Amino acid sequence: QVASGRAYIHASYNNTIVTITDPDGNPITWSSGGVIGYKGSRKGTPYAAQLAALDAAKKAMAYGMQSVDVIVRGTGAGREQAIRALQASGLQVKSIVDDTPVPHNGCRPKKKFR
Amino acid sequence: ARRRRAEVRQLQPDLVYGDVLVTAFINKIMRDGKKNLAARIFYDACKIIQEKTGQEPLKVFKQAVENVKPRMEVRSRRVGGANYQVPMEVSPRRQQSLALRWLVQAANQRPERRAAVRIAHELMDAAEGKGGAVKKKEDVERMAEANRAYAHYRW
Amino acid sequence: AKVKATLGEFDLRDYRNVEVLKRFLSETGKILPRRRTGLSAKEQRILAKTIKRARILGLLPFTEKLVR
RNA sequence: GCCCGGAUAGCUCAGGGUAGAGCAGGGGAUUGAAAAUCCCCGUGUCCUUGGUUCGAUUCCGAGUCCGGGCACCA
RNA sequence: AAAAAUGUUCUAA
RNA sequence: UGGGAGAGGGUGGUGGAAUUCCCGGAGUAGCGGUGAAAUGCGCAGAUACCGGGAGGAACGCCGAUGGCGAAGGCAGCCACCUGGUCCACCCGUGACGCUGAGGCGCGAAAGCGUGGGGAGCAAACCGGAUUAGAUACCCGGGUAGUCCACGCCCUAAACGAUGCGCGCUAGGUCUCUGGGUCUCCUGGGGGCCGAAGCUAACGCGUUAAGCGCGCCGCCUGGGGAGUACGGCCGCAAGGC
Ligand SMILES: [Mg+2]
Ligand SMILES: [Mg+2]
Ligand SMILES: [Mg+2]
Ligand SMILES: [Mg+2]
Ligand SMILES: [Mg+2]
Ligand SMILES: [Mg+2]
Ligand SMILES: [Mg+2]
Ligand SMILES: [Mg+2]
Ligand SMILES: [Mg+2]
Ligand SMILES: [Mg+2]
Ligand SMILES: [Mg+2]
Ligand SMILES: [Mg+2]
Ligand SMILES: [Mg+2]
Ligand SMILES: [Mg+2]
Ligand SMILES: [Mg+2]
Ligand SMILES: [Mg+2]
Ligand SMILES: [Mg+2]
Ligand SMILES: [Mg+2]
Ligand SMILES: [Mg+2]
Ligand SMILES: [Mg+2]
Ligand SMILES: [Mg+2]
Ligand SMILES: [Mg+2]
Ligand SMILES: [Mg+2]
Ligand SMILES: [Mg+2]
Ligand SMILES: [Mg+2]
Ligand SMILES: [Mg+2]
Ligand SMILES: [Mg+2]
Ligand SMILES: [Mg+2]
Ligand SMILES: [Mg+2]
Ligand SMILES: [Mg+2]
Ligand SMILES: [Mg+2]
Ligand SMILES: [Mg+2]
Ligand SMILES: [Mg+2]
Ligand SMILES: [Mg+2]
Ligand SMILES: [Mg+2]
Ligand SMILES: [Mg+2]
Ligand SMILES: [Mg+2]
Ligand SMILES: [Mg+2]
Ligand SMILES: [Mg+2]
Ligand SMILES: [Mg+2]
């Protein structure tokens, strides 16, 4: 068991996957818009990301997880709702940092993204 | 309406209880303009509720109405090309009107013969949170709780 | 508030001047524009190149994350 | 011929003191619709028979039927 | 941020 | 002569982000995807997170309405080699100039040959949806190819649809880059708005599409047709 950890919000226009780790980044537990029975387009909504975050923290706090540094990736509409949910869960959200991957003009995107 | 809103029509308080809520209700009982018929039905039902479970019926009537007011209901929206079930709260006006509508509506579902018995028995059940108009209101509130995912599409 | 003001006289090619140069990078590691830098056209090209060098020598970041 | 298994709602599949979930069914909200979605609703001797326990889906014994398995075949 | 194809010939008064 | 700006070109090297893959950890019921789906992927441990490794391509911010080039075209950073160009001084030569049929060289992408390389992407192709159909659009895969070297191809909305050079005919405004005496004056570019004038009009307007001269290329109604025949080029495709 551990007390402090990190909370990761991978969140695209498709879904929002929250995994709580430990100080070493090793996952303590995880959740997403699929762990709450949404399948399909719904998995990408703000409410889906809220329940996903609440199911993330309520699973991690159930391990003694008290303090989380919030690392945020992606740009999907469930992004802000996830951060809000983490401060309302009961966790001592000690930080929020946006670590969204951005290339320095590297690999050619799919046609969908050019 | 396109230009300005609709100005809500104020009704004359009914001559027995002095209540505009009773009036709107009697208007929901009324068909083809036969108001006095609908007046007798609401009032002959008012007697019965003063009998069966002796209580001030206006207080029972307002518990039925209160326990039928839906606080939320789905509505269809648009964005791109969709027609969702958007959970939107109900305006206090539409709150009251859906109750009055479903009250009479579900009361007329009931199987007893004469109307005032149907009206009285639903208002007795609905004042205790049972019967048709409740199972409809609750059901509406259930569907909105379900589509809380499409709540971000609320205006 | 522009950076050319917030600093005295400096050499736009000392790629080893971390204390001078880092003032020209946002909180998120990016080379500031002239609207922040305050350098001219010709000055801005010189600064960026010498910034770019210092990144290669590990003196400046290529990118930092964003804190709230 | 023996070992390992199943049998529970219409179809699948979950399981000492509940009889379950999903999909097919029905009304309903939805839409130009075909759907996806959202609500509720049904559908049991838990194969049968005897016992265990205060009581049986469960446990056991038996068989009834159907699965898997292996060996044999004069 | 776009569901859905088509309109026989001559005459356009 | 002394200077300046620049993604101008060629060669060698080299940095970080990012994606894919592999390995180890940790962790669990989904992920991904769309309008919604499905295909796909996932209890054989995926996705999401951390650490390690490999390899390829492209260079975020700077970055611009910017710069350079004859055009195509050129963008991390370092060095080497090389071109053009601009300015100052007014020092040298003495009309040595302009253009330019042929010729020669250069020439985006795609394509072709021989090797190599192959992360991502993606003609073809397969699958999923959509649809009356869907040999499409959307989704999951995916081989050329995209990348390198060398050799070919020589095409284009190769565009400013505006050949090159010179001279002449208001200014205002913005910008790049030199020089000055640094208000500002002056060069050389890049745009805008506009005098006169031009224009069928749109518009052009010292970056002319104005006024002139020189030379070149080209047009002569549409379709047939950039086809046929001939000829030349090319491995072919196909070009002229
Ligand atoms: Mg999704
Ligand atoms: Mg130096
Ligand atoms: Mg036997
Ligand atoms: Mg069955
Ligand atoms: Mg069989
Ligand atoms: Mg459309
Ligand atoms: Mg036809
Ligand atoms: Mg010189
Ligand atoms: Mg692993
Ligand atoms: Mg599968
Ligand atoms: Mg297992
Ligand atoms: Mg599985
Ligand atoms: Mg490799
Ligand atoms: Mg002289
Ligand atoms: Mg002389
Ligand atoms: Mg070529
Ligand atoms: Mg090529
Ligand atoms: Mg090749
Ligand atoms: Mg692909
Ligand atoms: Mg198909
Ligand atoms: Mg297809
Ligand atoms: Mg078909
Ligand atoms: Mg594809
Ligand atoms: Mg391939
Ligand atoms: Mg080549
Ligand atoms: Mg152009
Ligand atoms: Mg031409
Ligand atoms: Mg010419
Ligand atoms: Mg130029
Ligand atoms: Mg100028
Ligand atoms: Mg004029
Ligand atoms: Mg003329
Ligand atoms: Mg006109
Ligand atoms: Mg005009
Ligand atoms: Mg003009
Ligand atoms: Mg001018
Ligand atoms: Mg012709
Ligand atoms: Mg030909
Ligand atoms: Mg041709
Ligand atoms: Mg021929």
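Within every chain, numbering begins at 1; the chains are lettered A, B, ... in the order of the sequence lines, protein sequences first and strands thereafter. Below, all heavy atoms of this structure are taken into account, side chains as well, without hydrogens, waters or symmetry copies.
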>> Assess, by modelled atom type and distance only, whether the side chains of A:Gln92 and A:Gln66 contain a donor and an acceptor separated by less than 3.5 Å.
In response: no
> Mind checking what makes side chain to side chain donor-acceptor pair (under 3.5 Å) contact with C:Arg45, not counting sequence neighbours?
Replying inline: none
>> Check whether A:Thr29 reaches the backbone of A:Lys59 with its side chain - one donor and one acceptor, N or O, closer than 3.5 Å.
In response: no
>> Suppose we define a pair by two distances each less than 3.5 Å, Watson-Crick or G-U wobble; what does F:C112 pair with here?
In response: F:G151
>> Strictly below 4.0 Å: does A:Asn14 bring a side-chain N or O up to OP1 or OP2 of F:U34?
In response: yes
>> Short of 4.0 Å, heavy atom to strand atom, which residues of residues 2-18 of chain C count as contacting RNA chain F?
In response: none
>> Restricting to side chain to side chain donor-acceptor pair (under 3.5 Å), what partner residues turn up for B:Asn108, sequence neighbours left out?
In response: B:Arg118
> Is F:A79 paired to anything, Watson-Crick or G-U wobble with both distances less than 3.5 Å, and if yes, which nucleotide?
Replying inline: F:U11
> Going by 5.5 Å between centroids and 30° between planes, is there a stack of A:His104 over F:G60?
Replying inline: yes
>> Could you check whether B:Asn147 and B:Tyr153, counting side-chain N and O atoms only, form a donor-acceptor pair closer than 3.5 Å?
In response: no
>> Does the structure show a Watson-Crick or G-U wobble partner for F:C166, both distances under 3.5 Å? Name it, or say none.
In response: F:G212
>> Enumerate the salt bridge (charged side-chain N to carboxylate O under 4.0 Å, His left out) contacts for residues 5-14 of chain C, please, sequence neighbours excluded, ordered by first and then second residue.
In response: none
> According to a strict under-4.0 Å criterion, is A:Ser41 in side-chain N/O contact with OP1 or OP2 of F:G35?
Replying inline: no
>> Please check: side-chain N/O of C:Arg55 versus main-chain N/O of C:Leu60, any donor-acceptor pairing under 3.5 Å?
In response: no
> Contacts to RNA chain F from residues 36-58 of chain C, heavy-atom cutoff under 4.0 Å, which residues?
Replying inline: C:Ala41, C:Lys42, C:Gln44, C:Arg45, C:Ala48, C:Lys49, C:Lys52, C:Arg53, C:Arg55, C:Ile56
> For A:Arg73, what residues pass the side chain to side chain donor-acceptor pair (under 3.5 Å) criterion, not counting sequence neighbours?
Replying inline: A:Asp99
